[PDB]
Amino acid sequence: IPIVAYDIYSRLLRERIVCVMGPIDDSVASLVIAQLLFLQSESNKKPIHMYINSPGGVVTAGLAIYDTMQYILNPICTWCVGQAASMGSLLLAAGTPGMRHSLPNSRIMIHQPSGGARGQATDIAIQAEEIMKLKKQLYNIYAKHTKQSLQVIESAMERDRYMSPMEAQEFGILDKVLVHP
Amino acid sequence: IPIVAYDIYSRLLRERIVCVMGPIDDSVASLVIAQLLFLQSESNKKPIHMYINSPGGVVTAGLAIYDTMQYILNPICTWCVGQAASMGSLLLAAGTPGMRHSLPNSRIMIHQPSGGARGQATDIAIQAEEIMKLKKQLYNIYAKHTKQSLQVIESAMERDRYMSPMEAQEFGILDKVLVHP
Amino acid sequence: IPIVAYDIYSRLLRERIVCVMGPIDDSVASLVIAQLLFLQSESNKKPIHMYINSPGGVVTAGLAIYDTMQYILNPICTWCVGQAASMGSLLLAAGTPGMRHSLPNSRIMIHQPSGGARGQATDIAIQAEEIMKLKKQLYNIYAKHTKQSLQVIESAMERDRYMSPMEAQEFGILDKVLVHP
Amino acid sequence: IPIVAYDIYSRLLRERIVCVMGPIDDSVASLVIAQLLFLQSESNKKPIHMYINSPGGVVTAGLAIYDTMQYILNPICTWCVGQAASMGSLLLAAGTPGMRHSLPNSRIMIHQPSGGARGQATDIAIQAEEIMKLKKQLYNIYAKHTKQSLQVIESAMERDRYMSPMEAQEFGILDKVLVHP
Amino acid sequence: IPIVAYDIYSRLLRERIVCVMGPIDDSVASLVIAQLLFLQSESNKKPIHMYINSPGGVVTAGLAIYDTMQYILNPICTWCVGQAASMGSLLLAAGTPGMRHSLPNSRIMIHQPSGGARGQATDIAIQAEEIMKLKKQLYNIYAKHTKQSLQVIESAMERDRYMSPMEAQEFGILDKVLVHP
Amino acid sequence: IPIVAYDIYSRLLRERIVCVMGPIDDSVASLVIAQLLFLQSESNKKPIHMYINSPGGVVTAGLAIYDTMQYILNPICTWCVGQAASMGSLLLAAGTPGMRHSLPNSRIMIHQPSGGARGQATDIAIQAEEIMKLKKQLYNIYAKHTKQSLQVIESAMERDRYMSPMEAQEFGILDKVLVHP
Amino acid sequence: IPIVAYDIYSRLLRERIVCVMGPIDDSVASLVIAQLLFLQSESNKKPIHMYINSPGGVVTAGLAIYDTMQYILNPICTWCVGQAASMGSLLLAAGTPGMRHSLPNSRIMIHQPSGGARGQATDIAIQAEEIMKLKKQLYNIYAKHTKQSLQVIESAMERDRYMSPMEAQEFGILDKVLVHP
Amino acid sequence: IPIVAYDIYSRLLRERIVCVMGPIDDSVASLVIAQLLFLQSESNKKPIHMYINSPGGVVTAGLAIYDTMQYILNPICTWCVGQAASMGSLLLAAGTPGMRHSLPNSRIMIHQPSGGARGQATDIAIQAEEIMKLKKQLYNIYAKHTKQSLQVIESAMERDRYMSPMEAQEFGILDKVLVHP
Amino acid sequence: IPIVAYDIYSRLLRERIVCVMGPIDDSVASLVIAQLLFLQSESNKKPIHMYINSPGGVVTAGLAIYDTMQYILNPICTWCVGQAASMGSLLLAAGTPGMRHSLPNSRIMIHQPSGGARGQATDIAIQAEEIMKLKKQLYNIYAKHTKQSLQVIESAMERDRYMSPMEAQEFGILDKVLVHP
Ligand SMILES: *[B]([O])([O])[C]([C][C]([C])[C])[N]C(=O)[C]([C]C1=[C][C]=[C][C]=[C]1)[N]C(=O)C1=[C]N=[C][C]=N1
Ligand SMILES: *[B]([O])([O])[C]([C][C]([C])[C])[N]C(=O)[C]([C]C1=[C][C]=[C][C]=[C]1)[N]C(=O)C1=[C]N=[C][C]=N1
Ligand SMILES: *[B]([O])([O])[C]([C][C]([C])[C])[N]C(=O)[C]([C]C1=[C][C]=[C][C]=[C]1)[N]C(=O)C1=[C]N=[C][C]=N1
Ligand SMILES: *[B]([O])([O])[C]([C][C]([C])[C])[N]C(=O)[C]([C]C1=[C][C]=[C][C]=[C]1)[N]C(=O)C1=[C]N=[C][C]=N1
Ligand SMILES: *[B]([O])([O])[C]([C][C]([C])[C])[N]C(=O)[C]([C]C1=[C][C]=[C][C]=[C]1)[N]C(=O)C1=[C]N=[C][C]=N1
Ligand SMILES: *[B]([O])([O])[C]([C][C]([C])[C])[N]C(=O)[C]([C]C1=[C][C]=[C][C]=[C]1)[N]C(=O)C1=[C]N=[C][C]=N1
Ligand SMILES: *[B]([O])([O])[C]([C][C]([C])[C])[N]C(=O)[C]([C]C1=[C][C]=[C][C]=[C]1)[N]C(=O)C1=[C]N=[C][C]=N1
Ligand SMILES: *[B]([O])([O])[C]([C][C]([C])[C])[N]C(=O)[C]([C]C1=[C][C]=[C][C]=[C]1)[N]C(=O)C1=[C]N=[C][C]=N1
Ligand SMILES: *[B]([O])([O])[C]([C][C]([C])[C])[N]C(=O)[C]([C]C1=[C][C]=[C][C]=[C]1)[N]C(=O)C1=[C]N=[C][C]=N1
């Protein structure tokens, strides 16, 4: 990591740029929330830019970031660079309307959640009930921000669904596919 | 394994004695069914003795043995030696009425089934539905042979429930606790 | 393995009983085919009994057994004991019409094939084309023996589909659910 | 970890924000207590904000934090971000009354403690007695802060019990579910 | 294993000699019970000789053997060769009165049972209750055959208690310490 | 492996049936050659039946079998059961003209050889020259028995090429696709 | 570890607070002694606060800390936070009389030392003699600071003995159980 | 890493030199994009120099860098040092026309993408469709910057194709092969 | 690493001394090139000293360094300390004529390149062609700087060829063997 607020990510932080890179877990989520709360405290008016290059991650860690993005007053511009899959595509869609961007060659992928269950039949019934609830929760989120109906969402996310940026724009995950500024 | 129809288990087979020992898996189940079908073909009238010392095992392997025991015409005497837990307690209860035996110091344990699930939320919902069906199936079997109501069965099997032979007799899992012949 | 044509499976072979137990691989398939060809050479008229307790296995190994069952002149009675999943459910359905049996508590499961692919994009395109062809092949087989239409087959096998013996009979996988002979 | 009191968590510390993130162990507990004692020494009047995103952890480490929260004079606002399970849900409930918050999409889970025992029968009897005492201890804590009766607590925590924020508010684990400030 | 009913242990079986050697598990217990039932069927009058050299083993496997020894009509002579610890000392004490032997340099050891427990606090409470019951069970057995009071048994077995053959005879575990026949 | 010249493969050997099953290595090749030489010595006139279910194997081991098949005077009938890939498809094609068979659902696959090289640049140049020679060798063999030109062979084997039995017959790998005898 | 004498533990050191956290080994002991000697050199009059959250540790490492606590002139206040087991409970008891504190929900555990021995019988006799001496040493220490007789100490520490803070106060391990300052 | 903006890579950053070294993954891509955005913000007019020594890497990580290079207004000079294979050769070709350089002894390699697929046949069909789309995408990129037709691109990239710098210049991957400045 | 531009290698960098130590890989090559470009930018006239102690390394990483040495305008003095084998001997020979040095007891070794190949026969033919080209490339480099004919080079490098400094000077790898300055 190179040095220029000294190391390169801190130097970008002064620009109000937050990088969401790689798998999203609790540690990653913790960091991003900290930066979003810091950037809100520096000012509640200036936009924040979130650059997303992620294969996905943990649902509750992603929902933590998503709630933080909704809760802070700042407008948030989201940028898909390279890929946005699972949680990364959800966070991309959660950007302020008219402020959700992709580069020309990024890939978007959406799908239903996956997990596991163990134990006695009663413990398994509880855990299956919980992942079903989370599935419905996530589908509501995607319906809200993309404006697609629940039926469309359910049909699209049953299996892995890869999108080009133009397809994603048509779907409602993002607003602009920009080549040059 | 010692030699006396030559090795000691084959020598017992001539007595119409089948040994169900240790964990019950497909291989074990395969063997026991083979011996039961052989002993039926040698005669459909003479009783068979099943000696059970088992910690439990795979549900479908156990249900395979259980169905074989019901299907053949021979009366089957069951003997609890040492322990009968999970499937072993179910097979013990499945013996011909009035022919289900324990030695004085054997332990019986009954409980609900356990397992796992993996994959997408839809795959998990299917697998949880399947272990729930198996649970209801097994509870019906225990209710049939012990004469307890379903409510009693459900209450008893929610957690691990260890029994002395006298308790098991009271429950209806077995008929006789014998010290000497 | 006990001794009574001496060991218990050889002793059953004299009864024209073939055991298909556990995962189906090339070795298992090799054995079963050998026994079927032997039993045909001993006589082409007498029925053969195939007892199936299997979680599934390799497609080509299973198709090897399936072709052997069709090719020999003998009628083949199939028996589901414990479970028939994947290839095991297909082999169960491949028994001579009116001769396909389940015990009361067996579970049947049907689903589409699964696999993997690796290499260059051209190698992956070839391997995906091959598993697609195998899927269509298998669906034709199930349609033939169950008399369901292809559409029904495709709908049923998209995900894991567990069946009781009565459901399986309704589906057309088997003819008789027998409690006692 | 980015740099802006220089690194991002230290920069939040100046805001009197303590982050309780991931599994709670002795090291984590040590850190949180240190920060709480530091923030009390900086002033005993100003509130402290505890942001909780935790799957749970060690009972004594969690009880250490819980006692520290009760002992210091400062009011403590608790924030559920993402999830609060086991100890995390207990620490969330331990916040100053009227000051316990969740974001809209957080999950709360409550359950009884789990552990192990080994050794001679006398050693096992001691260890089982100890985890039983800890269970009663924890149930008293939850009853105190949620105002539910012990009977309700015992019924709810026998198995894993997941809650939405509104359900948690109804239960008494938290006071406010906030979308925007 | 050398050959002389051909291999050396089978050749001893014709003498009505059963060898209980090494750790006692289900497999070992299965074998010994099979031999005891065979030797009873050959005649119910002739004594059986059990030669014991064991460090101990599984409680239910040992109790299986112990019940078999009580159930068969034959008198059983027990021989301590080398050591009898845990279950081995219990099986030695279970021989027919006046027929329990040690060689001059054998060691006897008695102690309480050991085990483990895991899971939720409710599961641990059940498992601890079960090992306590087994402890009381075993102490009753030792009191019966040695004629010591329960209080003496409890005091002696709290910790590992090694005995010479003469001490064991004084205790009541055995009757004769023989140098030459 | 079951017993009926006693075990099932030996019992088939008396029928002049050789089984080529699974991966082809030196050991497998050794066995098959031994059986072919034995069956020739029993008579040079009677046909031999080779049943092939193989994923492939070592080139020199396969070429060993192939040369043996050409060298012995007996006509050889080849049977594809399940699959014939790599060497297995070559051995299938090497059967006596008009005597090469597939079952209806077998898969045939043909491809070029694969391997590795290591060492100094001079050692690598030698090893690459050797696998190139082997490639040309094998393509000549396939051209001979299928009657396709070298150009066709080279085009077909550049990548993995799966065939149905009818396609294989069209290609010239086999003569008859038989459903029933 | 966060930064505010800069990192949080150094910042507490300026308050004369020493943290004894987790397992006590030579490294941990080295650190604590260094801090105690530093804090004595800064002044011999001002009290030191030792916060203890420990599962236990090495006897000689703990005795090193204990001797340092006795040797320095400063009064030492000890605080049980979360747990004090083994050496942690001993160090808690070693605080200046009237200055030994617990929070309400801490657990105290006392027990005898444990270890191992290896080698020749002479080497084992030496090592057993050494752990016996250490046991007597430790029991004298506990008797001194708790004012219990040796007999009481020996009885209490034979097995693991868990205490609530009030029980510990009654025992004499600590003076005050404080809820709020 | 040596120190002279202090460490050697930061010291080069002040020269507007970005190093793309070794395998290209998300972390590497993240860093390079950060530096490119920083260098654009320092001025949009001054050229950037990208030094490439890479064996290749992840497609989406590489496409992320490639899109960033196109999006920023600065001209970008690319330098092949040592090797440019896979993504490294693509990034080399993506430099500003007339500004793409190689040293005399660098090797360029181009080839099609590689990957894997797993799961059900439907999941495999989706994943194969996705790598096919990515292949077409990449071939369009190479056609754009090298000015070769798609047919030429497809023919060249079917297998690994190594190039000297002069060959690469002829192909259109680069403009200048420089010995001295 | 000790501190005196602060750590010892940075302190030498101010002397225009670059250390090439141990195996040469991409990371090592990256560092050396960075330092050479930095030292050129500080001035294009002042010589650079390269101290070489290397067992060898990756060809393209070494060729990267070699091209950098040729490209920069500065004269480069090379010093063999301890050993120069493979790439290390090539880099030693690449120093400015009259400026290539060895200490008295250094060992030089030259040999041909080594590697590996895998895959289909076509992939292996490509990879063997590539290592052959690299071999010819390297032999041209050695011929250029040592002034030996290609025939001499080929003969010398077929096997490992160790040289004393005087032998190396005779060969033309270096100019001066210095005892004292
Ligand atoms: B995605 O592919 O990243 C996807 C999120 C999408 C639905 C918005 N991720 C998941 O579904 C994860 C997968 C995972 C499981 C286990 C560890 C790490 C990642 N599922 C969960 O996180 C999860 C959480 N609670 C219950 C079940 N599954
Ligand atoms: B018992 O304790 O043996 C119990 C049977 C009882 C309910 C009559 N066994 C099980 O429940 C087993 C546990 C197991 C799981 C996995 C491997 C081996 C054993 N459960 C199952 O076999 C099972 C089968 N299908 C679905 C889910 N679980
Ligand atoms: B079943 O669940 O057993 C199922 C067969 C069903 C469709 C009649 N099995 C498979 O689909 C197997 C799974 C498997 C993969 C790899 C090793 C072992 C088992 N699939 C294949 O065998 C296969 C074969 N060729 C290509 C792809 N997949
Ligand atoms: B929770 O799920 O985090 C839960 C706490 C809840 C009851 C408030 N955690 C536990 O119960 C832990 C689980 C655990 C065991 C072992 C290592 C780490 C975590 N139990 C204990 O910590 C514990 C402590 N002492 C005795 C027994 N169990
Ligand atoms: B002895 O030392 O062999 C002793 C038996 C004695 C009391 C007559 N053995 C045990 O107590 C065994 C130890 C053991 C545990 C686990 C695996 C193997 C051996 N205890 C048990 O077998 C047991 C059984 N059920 C519950 C708890 N412990
Ligand atoms: B096939 O897929 O089985 C194929 C044979 C076909 C061309 C008739 N097999 C091979 O090409 C084998 C693959 C292999 C390599 C290493 C171990 C085992 C199998 N190739 C060789 O055996 C081989 C032999 N000598 C040199 C190079 N490769
Ligand atoms: B306690 O549980 O931490 C306890 C101390 C108590 C008696 C005040 N600890 C010990 O007894 C330790 C256990 C241990 C053994 C080996 C490594 C680490 C910890 N015993 C000893 O340290 C020890 C030292 N010398 C001889 C024997 N045992
Ligand atoms: B090259 O050799 O680096 C090449 C890129 C070229 C086509 C411009 N790389 C790939 O094709 C990579 C290989 C790889 C696979 C898995 C992990 C790391 C690298 N392929 C992919 O990244 C990929 C991505 N999505 C789907 C399939 N393959
Ligand atoms: B030397 O011994 O360091 C020698 C270089 C000499 C010819 C100037 N090294 C090599 O030949 C290396 C060996 C190596 C292989 C694999 C990893 C690391 C080192 N060969 C190569 O680097 C290479 C590169 N491309 C193709 C084949 N071999």
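Computed from heavy atoms alone, side chains included, the values below leave out hydrogens, waters and symmetry copies. Chain letters run A, B, ... following the sequence lines, proteins first, then strands; residues in each count from 1. Just so you know, ligand 1 is whichever comes first in the structure, and atom 1 is the first atom listed for that ligand.
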Any side-chain heavy atom of [X] within less than 4.5 Å of one from [Y]?
X: B:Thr78; Y: B:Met69; value: yes
X: G:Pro55; Y: G:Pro23; value: yes
X: B:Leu92; Y: B:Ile173; value: yes
X: B:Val59; Y: B:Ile131; value: no
X: B:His111; Y: B:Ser86; value: yes

Every pair of nitrogen or oxygen atoms between ligand 7 and the protein that is under 3.5 angstrom apart - can you list them with their distances to 0.1 Å?
residue, atom, partner, partner atom, Å
ligand 7, 2 (O), G:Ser86, OG, 1.2
ligand 7, 2 (O), G:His111, NE2, 2.3
ligand 7, 3 (O), G:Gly57, N, 2.9
ligand 7, 3 (O), G:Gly57, O, 3.4
ligand 7, 3 (O), G:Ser86, OG, 2.2
ligand 7, 9 (N), G:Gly57, O, 3.1
ligand 7, 11 (O), G:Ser114, N, 3.1
ligand 7, 20 (N), G:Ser114, O, 2.8
ligand 7, 22 (O), G:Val59, N, 3.2
ligand 7, 28 (N), G:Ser114, O, 3.2

Going by distance alone, is a donor N or O of one side chain under 3.5 Å from an acceptor N or O of the other, for H:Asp160 and I:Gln127?
no
